[PDB]
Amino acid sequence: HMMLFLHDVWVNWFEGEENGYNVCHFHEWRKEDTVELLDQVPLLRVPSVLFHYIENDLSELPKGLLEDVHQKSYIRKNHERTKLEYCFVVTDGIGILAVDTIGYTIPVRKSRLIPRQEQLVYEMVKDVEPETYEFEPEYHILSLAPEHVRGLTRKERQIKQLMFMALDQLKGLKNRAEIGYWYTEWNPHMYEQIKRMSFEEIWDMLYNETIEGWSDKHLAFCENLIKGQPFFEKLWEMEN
């Protein structure tokens, strides 16, 4: 009935992620990711609604949860065992999430656990009763709704977000001829209908006809769309 603790937990922190799908699972980790190690970290079981609140948002954690985990986790920074202010692993028996608030009251840093330690968490919380902590109870072009990244790998999510970054920049340029070009690249059979249309009406059709799903057509379109923008091209080169 004491506080559960994990030791030597490998984490892959993702900072400032409002959406859980950006806190990548272990099978999505990359060799280029900087993986870190938690010497000791407390483990909490909460009901599903609280877990979802921590996992898919950046809002204030329950005060009782913070004081429960305050300075109970330790990392080895520069050959010295160091206290962390608020860092903990939380689960509802299904999802599992490591959190480091780096001193905030919100889950600034989030990580998934490696599979073997997930299974360890499930076995440790088999007989445990969830803690309530007295808890009681959006999307845009630079922060995609989950329905629009459904079924995509980490790589495809990143290329798709880059594509709609470029489309968002295309909006601010307000060039009618440019948006007519790119829409015709996506849908060349609307040549007659779009020609009375304003820049804004055409950009809307382009967004509406691309936002759903992913495909080789998407990938090829994004590769052309970003040409000439060194910032976008740098992002593309890191992913491909």
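From 1 onward, residues are counted along the sequence shown.
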query	finding
Between neighbours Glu138 and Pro137, residues that the deposited sequence lists but the model omits	4 to 9
Stretch with the higher entry mean CA B-factor, where the candidates are 76-84 and 117-125	76-84
Comparing 206-214 with 167-175, the one whose average Cα B-factor in the PDB entry is higher	167-175
Highest recorded Cα temperature factor - choice among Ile54, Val69, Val46, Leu38	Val46
Ranked C-alpha temperature factor of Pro146 among modelled chain residues, by third	middle
CA B-factor ranking of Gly228, expressed as a third of its chain	highest
Chain-relative CA temperature factor third for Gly103	middle
B-factor third for the C-alpha atom of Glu192 within its chain	highest
Ranked C-alpha temperature factor of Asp33 among modelled chain residues, by third	lowest
